[PDB]
Amino acid sequence: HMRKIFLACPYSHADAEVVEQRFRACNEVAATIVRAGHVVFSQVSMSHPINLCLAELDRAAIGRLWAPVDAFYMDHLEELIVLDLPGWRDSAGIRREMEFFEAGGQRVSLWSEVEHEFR
Numbered sequence: 000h001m002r003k004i005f006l007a008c009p010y011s012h013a014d015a016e017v018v019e020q021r022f023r024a025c026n027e028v029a030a031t032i033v034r035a036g037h038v039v040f041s042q043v044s045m046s047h048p049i050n051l052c053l054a055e056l057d058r059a060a061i062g063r064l065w066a067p068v069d070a071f072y073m074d075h076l077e078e079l080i081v082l083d084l085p086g087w088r089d090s091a092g093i094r095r096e097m098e099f100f101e102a103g104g105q106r107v108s109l110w111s112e113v114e115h116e117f118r
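According to PDB author numbering, the sequence shown holds residues 0 to 118 in order.
If you want it as structure tokens, here you go:
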């Protein structure tokens, strides 16, 4: 029972420190999922370090560049876990991902609700 998890997390924020904190929080949860032996695509873990190299583009432009890339991962993974940090209900990536997985009949969970399944 090796799970294939798309791990979503709120990202964009006016305050760069908040973005960094969300990044570090997502990295820790992704680490927990990996330690438990599952496949994860931690969207923020891979994109944040890359986004730092796209400083010339603005928040909105970045979101669009990632859209078809995130879709590749959505398409090949089996369930969605949303790391429900403050601001998660206002995240663009998150609403989209929840809708995609939900409509497809796939499992969607909040980390606060399933953290116990990984320890």
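The C-beta atom is built at its ideal place from N, Cα and C for all residues, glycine as well.
Go through the stretch 15-57 residue by residue and report every complete run of the beta strand (DSSP E) that reaches 3 residues or more, in order. Those beta strand (DSSP E) runs which fall completely within the stretch 15-57 and span 3+ residues are 38-41.
Stretch-stretch touch, CB-based, cutoff 8 Å, three pairs: the stretch 76-86 with the stretch 0-15: yes
If the criterion is Cβ atoms closer than 8 Å, does the pair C25 and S46 meet it? no
Does DSSP put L76 in a helix, in a strand, or in coil? coil
With a Cβ-Cβ cutoff of 8 Å, do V38 and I4 count as a contact? Here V38 is near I4, since their CB atoms are less than 8 Å apart.
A60 by DSSP, collapsed to three states: which one? Residue state, collapsed to three classes: helix.
Determine the DSSP secondary structure at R106, reduced to helix, strand or coil. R106 falls in the strand class under three-state DSSP.
One or two residues paired with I4 in a DSSP bridge: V39, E78
DSSP three-state assignment for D83, whether helix, strand or coil: coil
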